[PDB]
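**Student:** File name run_25.pdb; file contents PDB, N, CA and C atoms; full text below.
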ATOM      1  N   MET A   1     103.462  85.778 110.119  1.00  0.00           N
ATOM      2  CA  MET A   1     102.814  86.376 108.926  1.00  0.00           C
ATOM      3  C   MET A   1     101.796  87.423 109.354  1.00  0.00           C
ATOM      4  N   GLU A   2     102.296  88.598 109.720  1.00  0.00           N
ATOM      5  CA  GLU A   2     101.456  89.655 110.264  1.00  0.00           C
ATOM      6  C   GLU A   2     101.329  90.818 109.288  1.00  0.00           C
ATOM      7  N   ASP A   3     101.204  90.490 108.005  1.00  0.00           N
ATOM      8  CA  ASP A   3     100.918  91.477 106.967  1.00  0.00           C
ATOM      9  C   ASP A   3     101.986  92.574 106.933  1.00  0.00           C
ATOM     10  N   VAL A   4     101.565  93.819 107.158  1.00  0.00           N
ATOM     11  CA  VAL A   4     102.466  94.970 107.151  1.00  0.00           C
ATOM     12  C   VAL A   4     103.693  94.743 108.013  1.00  0.00           C
ATOM     13  N   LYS A   5     103.495  94.129 109.179  1.00  0.00           N
ATOM     14  CA  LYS A   5     104.563  93.978 110.154  1.00  0.00           C
ATOM     15  C   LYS A   5     105.783  93.318 109.534  1.00  0.00           C
ATOM     16  N   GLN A   6     105.548  92.344 108.658  1.00  0.00           N
ATOM     17  CA  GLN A   6     106.636  91.592 108.038  1.00  0.00           C
ATOM     18  C   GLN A   6     107.547  92.501 107.217  1.00  0.00           C
ATOM     19  N   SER A   7     106.956  93.499 106.584  1.00  0.00           N
ATOM     20  CA  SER A   7     107.715  94.451 105.795  1.00  0.00           C
ATOM     21  C   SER A   7     108.310  95.520 106.702  1.00  0.00           C
ATOM     22  N   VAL A   8     107.496  95.993 107.640  1.00  0.00           N
ATOM     23  CA  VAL A   8     107.897  97.046 108.568  1.00  0.00           C
ATOM     24  C   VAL A   8     109.143  96.647 109.351  1.00  0.00           C
ATOM     25  N   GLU A   9     109.079  95.496 110.020  1.00  0.00           N
ATOM     26  CA  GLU A   9     110.187  95.032 110.846  1.00  0.00           C
ATOM     27  C   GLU A   9     111.451  94.862 110.008  1.00  0.00           C
ATOM     28  N   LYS A  10     111.283  94.364 108.789  1.00  0.00           N
ATOM     29  CA  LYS A  10     112.404  94.121 107.899  1.00  0.00           C
ATOM     30  C   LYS A  10     113.114  95.421 107.540  1.00  0.00           C
ATOM     31  N   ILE A  11     112.345  96.419 107.123  1.00  0.00           N
ATOM     32  CA  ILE A  11     112.916  97.683 106.679  1.00  0.00           C
ATOM     33  C   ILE A  11     113.669  98.370 107.814  1.00  0.00           C
ATOM     34  N   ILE A  12     113.120  98.302 109.022  1.00  0.00           N
ATOM     35  CA  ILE A  12     113.787  98.869 110.185  1.00  0.00           C
ATOM     36  C   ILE A  12     115.116  98.155 110.429  1.00  0.00           C
ATOM     37  N   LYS A  13     115.099  96.835 110.290  1.00  0.00           N
ATOM     38  CA  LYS A  13     116.294  96.020 110.487  1.00  0.00           C
ATOM     39  C   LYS A  13     117.326  96.275 109.392  1.00  0.00           C
ATOM     40  N   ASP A  14     116.841  96.487 108.179  1.00  0.00           N
ATOM     41  CA  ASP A  14     117.709  96.683 107.022  1.00  0.00           C
ATOM     42  C   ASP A  14     118.337  98.073 107.025  1.00  0.00           C
ATOM     43  N   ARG A  15     117.531  99.087 107.301  1.00  0.00           N
ATOM     44  CA  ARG A  15     117.995 100.468 107.212  1.00  0.00           C
ATOM     45  C   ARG A  15     118.521 100.983 108.549  1.00  0.00           C
ATOM     46  N   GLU A  16     118.303 100.200 109.603  1.00  0.00           N
ATOM     47  CA  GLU A  16     118.716 100.544 110.972  1.00  0.00           C
ATOM     48  C   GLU A  16     117.841 101.652 111.555  1.00  0.00           C
ATOM     49  N   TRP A  17     117.796 102.790 110.880  1.00  0.00           N
ATOM     50  CA  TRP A  17     116.941 103.894 111.287  1.00  0.00           C
ATOM     51  C   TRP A  17     116.210 104.461 110.072  1.00  0.00           C
ATOM     52  N   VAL A  18     114.886 104.473 110.148  1.00  0.00           N
ATOM     53  CA  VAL A  18     114.046 104.881 109.029  1.00  0.00           C
ATOM     54  C   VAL A  18     112.911 105.773 109.523  1.00  0.00           C
ATOM     55  N   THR A  19     112.560 106.782 108.741  1.00  0.00           N
ATOM     56  CA  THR A  19     111.444 107.650 109.078  1.00  0.00           C
ATOM     57  C   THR A  19     110.119 107.002 108.692  1.00  0.00           C
ATOM     58  N   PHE A  20     109.018 107.463 109.272  1.00  0.00           N
ATOM     59  CA  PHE A  20     107.715 106.884 108.963  1.00  0.00           C
ATOM     60  C   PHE A  20     107.424 107.017 107.472  1.00  0.00           C
ATOM     61  N   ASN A  21     107.809 108.155 106.912  1.00  0.00           N
ATOM     62  CA  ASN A  21     107.593 108.420 105.499  1.00  0.00           C
ATOM     63  C   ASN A  21     108.505 107.563 104.630  1.00  0.00           C
ATOM     64  N   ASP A  22     109.634 107.130 105.187  1.00  0.00           N
ATOM     65  CA  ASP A  22     110.560 106.271 104.456  1.00  0.00           C
ATOM     66  C   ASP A  22     109.945 104.894 104.264  1.00  0.00           C
ATOM     67  N   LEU A  23     109.291 104.407 105.313  1.00  0.00           N
ATOM     68  CA  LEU A  23     108.565 103.145 105.254  1.00  0.00           C
ATOM     69  C   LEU A  23     107.528 103.174 104.140  1.00  0.00           C
ATOM     70  N   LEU A  24     106.866 104.314 103.987  1.00  0.00           N
ATOM     71  CA  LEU A  24     105.812 104.477 102.991  1.00  0.00           C
ATOM     72  C   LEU A  24     106.354 104.370 101.567  1.00  0.00           C
ATOM     73  N   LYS A  25     107.647 104.604 101.409  1.00  0.00           N
ATOM     74  CA  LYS A  25     108.279 104.563 100.096  1.00  0.00           C
ATOM     75  C   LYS A  25     108.561 103.124  99.674  1.00  0.00           C
ATOM     76  N   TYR A  26     108.733 102.252 100.653  1.00  0.00           N
ATOM     77  CA  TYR A  26     109.011 100.846 100.388  1.00  0.00           C
ATOM     78  C   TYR A  26     107.764  99.998 100.612  1.00  0.00           C
ATOM     79  N   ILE A  27     106.883 100.493 101.463  1.00  0.00           N
ATOM     80  CA  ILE A  27     105.650  99.805 101.804  1.00  0.00           C
ATOM     81  C   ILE A  27     104.457 100.462 101.112  1.00  0.00           C
ATOM     82  N   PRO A  28     103.813  99.746 100.176  1.00  0.00           N
ATOM     83  CA  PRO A  28     102.660 100.263  99.431  1.00  0.00           C
ATOM     84  C   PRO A  28     101.356 100.163 100.225  1.00  0.00           C
ATOM     85  N   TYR A  29     101.481  99.800 101.491  1.00  0.00           N
ATOM     86  CA  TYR A  29     100.341  99.669 102.381  1.00  0.00           C
ATOM     87  C   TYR A  29     100.062 100.989 103.087  1.00  0.00           C
ATOM     88  N   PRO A  30      98.777 101.383 103.137  1.00  0.00           N
ATOM     89  CA  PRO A  30      98.307 102.568 103.865  1.00  0.00           C
ATOM     90  C   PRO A  30      99.021 102.782 105.195  1.00  0.00           C
ATOM     91  N   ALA A  31      99.263 104.051 105.511  1.00  0.00           N
ATOM     92  CA  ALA A  31      99.963 104.437 106.730  1.00  0.00           C
ATOM     93  C   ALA A  31      99.332 103.848 107.999  1.00  0.00           C
ATOM     94  N   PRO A  32      97.985 103.894 108.166  1.00  0.00           N
ATOM     95  CA  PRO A  32      97.320 103.318 109.347  1.00  0.00           C
ATOM     96  C   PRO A  32      97.666 101.844 109.560  1.00  0.00           C
ATOM     97  N   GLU A  33      98.015 101.158 108.478  1.00  0.00           N
ATOM     98  CA  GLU A  33      98.383  99.751 108.547  1.00  0.00           C
ATOM     99  C   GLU A  33      99.790  99.594 109.111  1.00  0.00           C
ATOM    100  N   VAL A  34     100.754 100.195 108.424  1.00  0.00           N
ATOM    101  CA  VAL A  34     102.156 100.105 108.818  1.00  0.00           C
ATOM    102  C   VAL A  34     102.399 100.767 110.175  1.00  0.00           C
ATOM    103  N   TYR A  35     101.668 101.839 110.459  1.00  0.00           N
ATOM    104  CA  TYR A  35     101.801 102.540 111.732  1.00  0.00           C
ATOM    105  C   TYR A  35     101.465 101.610 112.897  1.00  0.00           C
ATOM    106  N   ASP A  36     100.392 100.843 112.738  1.00  0.00           N
ATOM    107  CA  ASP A  36      99.959  99.907 113.770  1.00  0.00           C
ATOM    108  C   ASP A  36     100.921  98.738 113.856  1.00  0.00           C
ATOM    109  N   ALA A  37     101.281  98.214 112.700  1.00  0.00           N
ATOM    110  CA  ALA A  37     102.265  97.146 112.618  1.00  0.00           C
ATOM    111  C   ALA A  37     103.560  97.560 113.307  1.00  0.00           C
ATOM    112  N   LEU A  38     103.970  98.801 113.071  1.00  0.00           N
ATOM    113  CA  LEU A  38     105.164  99.363 113.699  1.00  0.00           C
ATOM    114  C   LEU A  38     105.076  99.278 115.216  1.00  0.00           C
ATOM    115  N   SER A  39     103.962  99.751 115.778  1.00  0.00           N
ATOM    116  CA  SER A  39     103.786  99.778 117.222  1.00  0.00           C
ATOM    117  C   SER A  39     103.808  98.372 117.817  1.00  0.00           C
ATOM    118  N   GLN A  40     103.645  97.367 116.969  1.00  0.00           N
ATOM    119  CA  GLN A  40     103.771  95.986 117.401  1.00  0.00           C
ATOM    120  C   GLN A  40     105.240  95.645 117.634  1.00  0.00           C
ATOM    121  N   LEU A  41     106.105  96.003 116.681  1.00  0.00           N
ATOM    122  CA  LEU A  41     107.539  95.741 116.823  1.00  0.00           C
ATOM    123  C   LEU A  41     108.132  96.610 117.922  1.00  0.00           C
ATOM    124  N   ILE A  42     107.614  97.824 118.048  1.00  0.00           N
ATOM    125  CA  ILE A  42     108.037  98.734 119.102  1.00  0.00           C
ATOM    126  C   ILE A  42     107.686  98.148 120.466  1.00  0.00           C
ATOM    127  N   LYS A  43     106.479  97.615 120.559  1.00  0.00           N
ATOM    128  CA  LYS A  43     106.017  96.931 121.759  1.00  0.00           C
ATOM    129  C   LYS A  43     106.889  95.710 122.065  1.00  0.00           C
ATOM    130  N   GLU A  44     107.322  95.011 121.019  1.00  0.00           N
ATOM    131  CA  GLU A  44     108.149  93.817 121.181  1.00  0.00           C
ATOM    132  C   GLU A  44     109.622  94.182 121.373  1.00  0.00           C
ATOM    133  N   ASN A  45     109.885  95.473 121.601  1.00  0.00           N
ATOM    134  CA  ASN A  45     111.233  95.981 121.843  1.00  0.00           C
ATOM    135  C   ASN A  45     112.179  95.654 120.695  1.00  0.00           C
ATOM    136  N   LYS A  46     111.639  95.630 119.490  1.00  0.00           N
ATOM    137  CA  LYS A  46     112.440  95.393 118.303  1.00  0.00           C
ATOM    138  C   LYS A  46     112.725  96.713 117.604  1.00  0.00           C
ATOM    139  N   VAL A  47     111.732  97.585 117.598  1.00  0.00           N
ATOM    140  CA  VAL A  47     111.870  98.900 116.996  1.00  0.00           C
ATOM    141  C   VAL A  47     111.588  99.971 118.040  1.00  0.00           C
ATOM    142  N   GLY A  48     112.319 101.067 117.980  1.00  0.00           N
ATOM    143  CA  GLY A  48     112.094 102.151 118.907  1.00  0.00           C
ATOM    144  C   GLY A  48     111.841 103.458 118.193  1.00  0.00           C
ATOM    145  N   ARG A  49     110.947 104.269 118.736  1.00  0.00           N
ATOM    146  CA  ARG A  49     110.661 105.572 118.160  1.00  0.00           C
ATOM    147  C   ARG A  49     111.652 106.594 118.681  1.00  0.00           C
ATOM    148  N   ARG A  50     112.423 107.149 117.778  1.00  0.00           N
ATOM    149  CA  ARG A  50     113.429 108.126 118.123  1.00  0.00           C
ATOM    150  C   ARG A  50     113.164 109.422 117.369  1.00  0.00           C
ATOM    151  N   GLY A  51     112.164 110.154 117.830  1.00  0.00           N
ATOM    152  CA  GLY A  51     111.784 111.385 117.177  1.00  0.00           C
ATOM    153  C   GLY A  51     110.926 111.132 115.959  1.00  0.00           C
ATOM    154  N   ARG A  52     111.448 111.471 114.791  1.00  0.00           N
ATOM    155  CA  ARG A  52     110.709 111.293 113.547  1.00  0.00           C
ATOM    156  C   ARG A  52     111.090 109.977 112.874  1.00  0.00           C
ATOM    157  N   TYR A  53     112.170 109.368 113.342  1.00  0.00           N
ATOM    158  CA  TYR A  53     112.661 108.133 112.750  1.00  0.00           C
ATOM    159  C   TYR A  53     112.646 106.991 113.757  1.00  0.00           C
ATOM    160  N   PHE A  54     112.613 105.781 113.233  1.00  0.00           N
ATOM    161  CA  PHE A  54     112.553 104.579 114.041  1.00  0.00           C
ATOM    162  C   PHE A  54     113.846 103.795 113.891  1.00  0.00           C
ATOM    163  N   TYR A  55     114.387 103.332 115.003  1.00  0.00           N
ATOM    164  CA  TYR A  55     115.629 102.577 114.984  1.00  0.00           C
ATOM    165  C   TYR A  55     115.380 101.158 115.469  1.00  0.00           C
ATOM    166  N   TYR A  56     116.149 100.212 114.952  1.00  0.00           N
ATOM    167  CA  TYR A  56     116.078  98.845 115.438  1.00  0.00           C
ATOM    168  C   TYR A  56     116.823  98.742 116.760  1.00  0.00           C
ATOM    169  N   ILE A  57     116.119  98.333 117.802  1.00  0.00           N
ATOM    170  CA  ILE A  57     116.712  98.256 119.123  1.00  0.00           C
ATOM    171  C   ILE A  57     117.676  97.083 119.204  1.00  0.00           C
ATOM    172  N   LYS A  58     118.858  97.370 119.730  1.00  0.00           N
ATOM    173  CA  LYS A  58     119.922  96.390 119.884  1.00  0.00           C
ATOM    174  C   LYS A  58     119.449  95.155 120.642  1.00  0.00           C
ATOM    175  N   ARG A  59     119.874  93.995 120.172  1.00  0.00           N
ATOM    176  CA  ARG A  59     119.520  92.739 120.802  1.00  0.00           C
ATOM    177  C   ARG A  59     120.762  92.086 121.401  1.00  0.00           C
TER
END
Please rewrite the model in this file as structure tokens.

**Tutor:**
Amino acid sequence: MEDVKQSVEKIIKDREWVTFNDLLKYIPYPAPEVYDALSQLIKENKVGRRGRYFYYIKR
């Protein structure tokens, strides 16, 4: 239960590849929140930054 992260990780998993601004359309949480939450999943090798969009890293 990591607040933004729960939504962030889900959307990446659901959409496969999503832009930062795309997250903002589904996530009503301020960008600084989701951005940090994102870097958590990225750190956990779940999400990867691929230019302007983020992809769910294959498991």

**Student:** Between A:16, A:4, A:28, A:9, single out the one closest to residue 41 in chain A, counting only C-alpha atoms.

**Tutor:**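 When distances to residue 41 in chain A are compared using only C-alpha atoms, the smallest one comes from A:9.
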
**Student:** Name the residues that the PyMOL selection byres ((chain A and resi 59) around 8) pulls out of this structure, and write them as a tab-separated table (two decimals) with N, CA and C atoms, in the frame of the given file.

**Tutor:**
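Now in result.tsv:
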chain	number	residue	atom	x	y	z
A	45	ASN	N	109.88	95.47	121.60
A	45	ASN	CA	111.23	95.98	121.84
A	45	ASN	C	112.18	95.65	120.70
A	46	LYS	N	111.64	95.63	119.49
A	46	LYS	CA	112.44	95.39	118.30
A	46	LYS	C	112.72	96.71	117.60
A	56	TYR	N	116.15	100.21	114.95
A	56	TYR	CA	116.08	98.84	115.44
A	56	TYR	C	116.82	98.74	116.76
A	57	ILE	N	116.12	98.33	117.80
A	57	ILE	CA	116.71	98.26	119.12
A	57	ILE	C	117.68	97.08	119.20
A	58	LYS	N	118.86	97.37	119.73
A	58	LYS	CA	119.92	96.39	119.88
A	58	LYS	C	119.45	95.16	120.64

**Student:** Could you give me the residues within chain A that DSSP places in strand (DSSP E or B), as a list in words?

**Tutor:** residues 17, 18, 19, 47, 48, 49, 50, 53, 54, 55 and 56 of chain A

**Student:** Could you please determine the separation between atom N of residue 2 in chain A and CA of residue 50 in chain A in Å, to one decimal place?

**Tutor:**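 Rounded to one decimal, the two atoms are 24.0 Å apart.
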
**Student:** Using the chain letters and numbers from the file, which residues does the PyMOL selection byres (((chain A and resi 30-39 and name CA) around 10) and name CA) grab, as an mmCIF file with N, CA and C atoms, keeping the file's coordinate frame?

**Tutor:**
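File part.cif, as written:
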data_model
loop_
_atom_site.group_PDB
_atom_site.id
_atom_site.type_symbol
_atom_site.label_atom_id
_atom_site.label_comp_id
_atom_site.auth_asym_id
_atom_site.auth_seq_id
_atom_site.Cartn_x
_atom_site.Cartn_y
_atom_site.Cartn_z
ATOM 1 N N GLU A 2 102.296 88.598 109.720
ATOM 2 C CA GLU A 2 101.456 89.655 110.264
ATOM 3 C C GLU A 2 101.329 90.818 109.288
ATOM 4 N N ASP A 3 101.204 90.490 108.005
ATOM 5 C CA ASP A 3 100.918 91.477 106.967
ATOM 6 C C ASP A 3 101.986 92.574 106.933
ATOM 7 N N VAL A 4 101.565 93.819 107.158
ATOM 8 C CA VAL A 4 102.466 94.970 107.151
ATOM 9 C C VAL A 4 103.693 94.743 108.013
ATOM 10 N N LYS A 5 103.495 94.129 109.179
ATOM 11 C CA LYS A 5 104.563 93.978 110.154
ATOM 12 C C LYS A 5 105.783 93.318 109.534
ATOM 13 N N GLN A 6 105.548 92.344 108.658
ATOM 14 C CA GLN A 6 106.636 91.592 108.038
ATOM 15 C C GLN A 6 107.547 92.501 107.217
ATOM 16 N N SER A 7 106.956 93.499 106.584
ATOM 17 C CA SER A 7 107.715 94.451 105.795
ATOM 18 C C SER A 7 108.310 95.520 106.702
ATOM 19 N N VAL A 8 107.496 95.993 107.640
ATOM 20 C CA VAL A 8 107.897 97.046 108.568
ATOM 21 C C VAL A 8 109.143 96.647 109.351
ATOM 22 N N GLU A 9 109.079 95.496 110.020
ATOM 23 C CA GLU A 9 110.187 95.032 110.846
ATOM 24 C C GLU A 9 111.451 94.862 110.008
ATOM 25 N N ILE A 12 113.120 98.302 109.022
ATOM 26 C CA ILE A 12 113.787 98.869 110.185
ATOM 27 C C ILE A 12 115.116 98.155 110.429
ATOM 28 N N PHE A 20 109.018 107.463 109.272
ATOM 29 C CA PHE A 20 107.715 106.884 108.963
ATOM 30 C C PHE A 20 107.424 107.017 107.472
ATOM 31 N N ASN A 21 107.809 108.155 106.912
ATOM 32 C CA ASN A 21 107.593 108.420 105.499
ATOM 33 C C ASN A 21 108.505 107.563 104.630
ATOM 34 N N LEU A 23 109.291 104.407 105.313
ATOM 35 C CA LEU A 23 108.565 103.145 105.254
ATOM 36 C C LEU A 23 107.528 103.174 104.140
ATOM 37 N N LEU A 24 106.866 104.314 103.987
ATOM 38 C CA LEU A 24 105.812 104.477 102.991
ATOM 39 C C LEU A 24 106.354 104.370 101.567
ATOM 40 N N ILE A 27 106.883 100.493 101.463
ATOM 41 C CA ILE A 27 105.650 99.805 101.804
ATOM 42 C C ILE A 27 104.457 100.462 101.112
ATOM 43 N N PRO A 28 103.813 99.746 100.176
ATOM 44 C CA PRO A 28 102.660 100.263 99.431
ATOM 45 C C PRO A 28 101.356 100.163 100.225
ATOM 46 N N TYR A 29 101.481 99.800 101.491
ATOM 47 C CA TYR A 29 100.341 99.669 102.381
ATOM 48 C C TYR A 29 100.062 100.989 103.087
ATOM 49 N N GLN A 40 103.645 97.367 116.969
ATOM 50 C CA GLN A 40 103.771 95.986 117.401
ATOM 51 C C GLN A 40 105.240 95.645 117.634
ATOM 52 N N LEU A 41 106.105 96.003 116.681
ATOM 53 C CA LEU A 41 107.539 95.741 116.823
ATOM 54 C C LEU A 41 108.132 96.610 117.922
ATOM 55 N N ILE A 42 107.614 97.824 118.048
ATOM 56 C CA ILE A 42 108.037 98.734 119.102
ATOM 57 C C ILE A 42 107.686 98.148 120.466
ATOM 58 N N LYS A 43 106.479 97.615 120.559
ATOM 59 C CA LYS A 43 106.017 96.931 121.759
ATOM 60 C C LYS A 43 106.889 95.710 122.065
ATOM 61 N N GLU A 44 107.322 95.011 121.019
ATOM 62 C CA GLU A 44 108.149 93.817 121.181
ATOM 63 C C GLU A 44 109.622 94.182 121.373
ATOM 64 N N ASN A 45 109.885 95.473 121.601
ATOM 65 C CA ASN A 45 111.233 95.981 121.843
ATOM 66 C C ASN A 45 112.179 95.654 120.695
ATOM 67 N N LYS A 46 111.639 95.630 119.490
ATOM 68 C CA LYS A 46 112.440 95.393 118.303
ATOM 69 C C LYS A 46 112.725 96.713 117.604
ATOM 70 N N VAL A 47 111.732 97.585 117.598
ATOM 71 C CA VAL A 47 111.870 98.900 116.996
ATOM 72 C C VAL A 47 111.588 99.971 118.040
ATOM 73 N N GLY A 48 112.319 101.067 117.980
ATOM 74 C CA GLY A 48 112.094 102.151 118.907
ATOM 75 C C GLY A 48 111.841 103.458 118.193
ATOM 76 N N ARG A 49 110.947 104.269 118.736
ATOM 77 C CA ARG A 49 110.661 105.572 118.160
ATOM 78 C C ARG A 49 111.652 106.594 118.681
ATOM 79 N N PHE A 54 112.613 105.781 113.233
ATOM 80 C CA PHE A 54 112.553 104.579 114.041
ATOM 81 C C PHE A 54 113.846 103.795 113.891
#
